[PDB]
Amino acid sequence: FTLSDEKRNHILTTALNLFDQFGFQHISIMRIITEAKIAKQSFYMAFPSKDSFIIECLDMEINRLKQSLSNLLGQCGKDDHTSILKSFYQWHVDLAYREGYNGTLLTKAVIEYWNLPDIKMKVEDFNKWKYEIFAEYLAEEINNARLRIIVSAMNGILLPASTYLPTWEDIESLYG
């Protein structure tokens, strides 16, 4: 009748792991219901439809990636512009350089869910946020021409089935 946030946040986390491992298509409600040690009726007292459940899962993953990159950049010196560059590269690395990587969860949401314009907007607002939060740290050094190439090159790393990825020493030569 009123799903507890202990249980409510369990269908979200269980589905997010099932979605990142596989896909939005393969993983069904019945798959998440059993693995989250929950029933089917109580799942609908907090989420009306599956499309609302996918949007809810996307906002949680976007906020997760937001805090993940926010803390990683704040651990370097304000004048150490090279440490911010390496943290930005290693952040895109530990995502793509993982076992069973088939793209980020945000890229999957834009491919399967072109029907809802709010989903592509939610991902676009984060990609713009990732660029602007990275330029906030390095605004007095790297110019906008090189910044757009740095971020676009880092986005090419997140692209699955990509070859000839730019190493850190390759990124080191761009700064100087």
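Residue positions are given as counts along the sequence shown, with the first one as 1.
- The deposited model assigns a higher average Cα B-factor to 135-143 than to the other stretch when 119-127 and 135-143 are compared.
- Two stretches are in play, 163-171 and 18-26, and the higher mean C-alpha B-factor belongs to 18-26.
- Per the PDB entry, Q41 shows the highest C-alpha temperature factor of the residues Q41, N63, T107, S70.
- For the set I111, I150, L58, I32, the PDB entry assigns the largest Cα B-factor to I32.
- For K78, the recorded CA B-factor ranks within the highest third of the chain. Only modelled residues enter the ranking.
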